[PDB]
Each structure stands twice: as structure tokens, then as C-alpha cells.
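A.B. asks: heads up, no residue letters with this:
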Ligand SMILES: O[C@@H]1[C@@H](O)[C@H](O[C@@H]2CO[C@@H](O)[C@H](O)[C@H]2O)OC[C@H]1O
Ligand SMILES: [Zn+2]
Ligand SMILES: [Zn+2]
């Protein structure tokens, strides 16, 4: 990753702004999850027998920008590399899944259609989270998925094409809160080093 350039190791949930990028590090506290901020839009995460975690850099609020990201994602088990964010009013968690490893996180949903963007095809899903952690505390909220059929690490995400496809499928979005290039994991180990450009 950033080698000597990695910032102080973070092992418990926190947010901030580092080198002009918003960063969110959330963990339920299972296993060992270690996050570091690098120069510019870089972050690194290393995990071992984790619980649930979601971490990365981007913007707060998000403004539907075209994202470019680079780097490496090396899971050993259940992990997702995604454009990840929240809307408020209504409260929505959303995922533009670039790669998943051993578990399709769209599992438990009727497919609502497809969007073709950034040289790939994404399947669209909606689910519900009940009494779940959120940017508002314990809450019930809609989850929207765009899941790339040809997994990749890096490239361009035109977030507005996803938002448009979701609105077209009848999925309402609120006021944008954060939007990051996230590494997520559950009951797994791995490492990732991702640069948001
Ligand atoms: O302290 C609270 C954080 O724990 C909360 O973090 C969210 C929890 O739900 C996860 O799905 C999200 O990824 C994470 O951002 O945000 C609100 C804060 O007060
Ligand atoms: Zn895959
Ligand atoms: Zn491919």
C-alpha cells in the first residue's frame, strides 16, 4: 500500500476528513480490523476473523460524482468492494458492488432490472434492514444494490447512472449523506489498499 506513508492505525469506529477526503471506518468490534489513512485519497484496511465492518474514503456529502479508484483488494472470505453511501429522509443505504468474494450480498431479493454503465452490467435489487445500525443509530431502512456481473478492482463508477436506474425501478433516494469507495467484510480475513482519485 502506502508503505511508510500509512497514518496511525485505527481499530474502532470513527469518521473524519484526511487529505481533503471524508473517511468512514465502522466496525462492530469483532476479530481484529485495522484501518489507516494514506496520502490523498488512499486508505488501507487489514482484517482477521472480523465481525461486520465497512471502511473507506470519499465525500460527505456525496454529490453523484463520477468516481475513479485504483488499488488492490485481497480478501480471504466474505468481502465486498463497492461505491457505498447513505441518503436521509428517507434513510437509504446503497451499494454499487464492484467485486464480492464468497457471498453475493444481493442474496434475499427480487431483481428489479439491470443498468449498463462503465463497460459493465449491474443487476438492481432492493432489500430492507430492520432494527439495524445506521448513520442515524438503530433504524429500519431500504437497502439498494447495483451488483456488477463481471467483478473488477478499479475503473470508473458513474454514480448518477446507478441513481437514475434505481429511480427508474421505483426506488426513492433522499438527501445524500456520505459516499465512499468502501471495503466491507464479515467473518473473514484479508487486506485492501484503495486510492480514490
Ligand atoms: O456512532 C455512529 C456510527 O456508529 C454510525 O456508523 C454507521 C453504522 O451503520 C453502518 O452501516 C454504517 O456504515 C456506519 O456509517 O454513524 C452514526 C454515528 O453516530
Ligand atoms: Zn468475485
Ligand atoms: Zn472481467
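C.D. replies: Yes, it's here. Numbering: from 1, shown residues only. Ligands and ions are numbered 1, 2, ... in the order given.
A.B. asks: so residue 50 touches residue 32, yeah?
C.D. replies: Yes: between residue 50 and residue 32 there is a contact at 7.3 Å, judged by C-beta atoms under 8 Å. (C-beta placed from N, C-alpha, C; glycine too.)
A.B. asks: quick one, which of the two is more surrounded?
C.D. replies: Neighbour totals were compared for residue 50 and residue 32, and residue 50 leads with 25 against 12 (other C-beta atoms under 10 Å).
A.B. asks: identify the contacts common to residue 50 and residue 32.
C.D. replies: Counting by C-beta atoms under 8 Å, 6 or more residues apart in numbering, residue 50 and residue 32 have no common neighbour.
A.B. asks: give the buried residues for stretch 66-76.
C.D. replies: By neighbour count on 16 or more other C-beta atoms under 10 Å, the buried set for stretch 66-76 is 67, 69, 71, 73, 75.
A.B. asks: rebuild these as TSV, extending it with secondary structure and distance to ligand 1.
C.D. replies: Below are the buried residues of stretch 66-76 laid out as TSV (DSSP: H, G, I helix; E, B strand; the rest coil; distance: C-beta to the nearest ligand atom, whole Å):
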residue	secondary structure	distance to ligand 1
67	strand	17
69	strand	18
71	strand	20
73	strand	18
75	strand	18
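A.B. asks: now render the residues you listed as JSON lines, adding distance to residue 23.
C.D. replies: Formatted as JSON lines, these follow (distance: C-beta to C-beta, whole Å):
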{"residue": "67", "distance to residue 23": "15"}
{"residue": "69", "distance to residue 23": "14"}
{"residue": "71", "distance to residue 23": "15"}
{"residue": "73", "distance to residue 23": "17"}
{"residue": "75", "distance to residue 23": "20"}
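A.B. asks: residues contacting the closest residue to ligand 2 within the chain?
C.D. replies: Nearest residue of the chain to ligand 2: residue 151, at 3.6 Å (C-beta to the ion). By C-beta under 8 Å, 6+ apart, the residues touching residue 151 are 98, 99, 100.
A.B. asks: near ligand 2, from those residues?
C.D. replies: Among the contacts of residue 151, proximity to ligand 2 is found for residue 99 (C-beta under 5 Å from the ion).
A.B. asks: which SS state does the residue of the chain closest to ligand 2 fall under?
C.D. replies: When classified by DSSP: H, G, I helix; E, B strand; the rest coil, residue 151 comes out as coil.
A.B. asks: over to residue 166?
C.D. replies: helix.
A.B. asks: near ligand 1, which residues of the protein show up?
C.D. replies: 13, 24, 26, 54, 133, 134, 135 (C-beta under 6 Å from any ligand atom).
A.B. asks: what ranges do the strands span in this structure?
C.D. replies: Remark: strands assigned in the chain by DSSP state E are 14-18, 21-27, 32-37, 42-48, 52-59, 66-76, 79-88, 92-100, 111-117, 120-132, 139-148, 155-158, 175-186, 189-196.
A.B. asks: what's the angle from the last one to strand 32-37?
C.D. replies: Angle between the axes of strand 189-196 and strand 32-37 is 20 degrees (criterion: axes from the mean of the first three to the mean of the last three C-alpha atoms, to 10 degrees).
A.B. asks: that'll do, ta.
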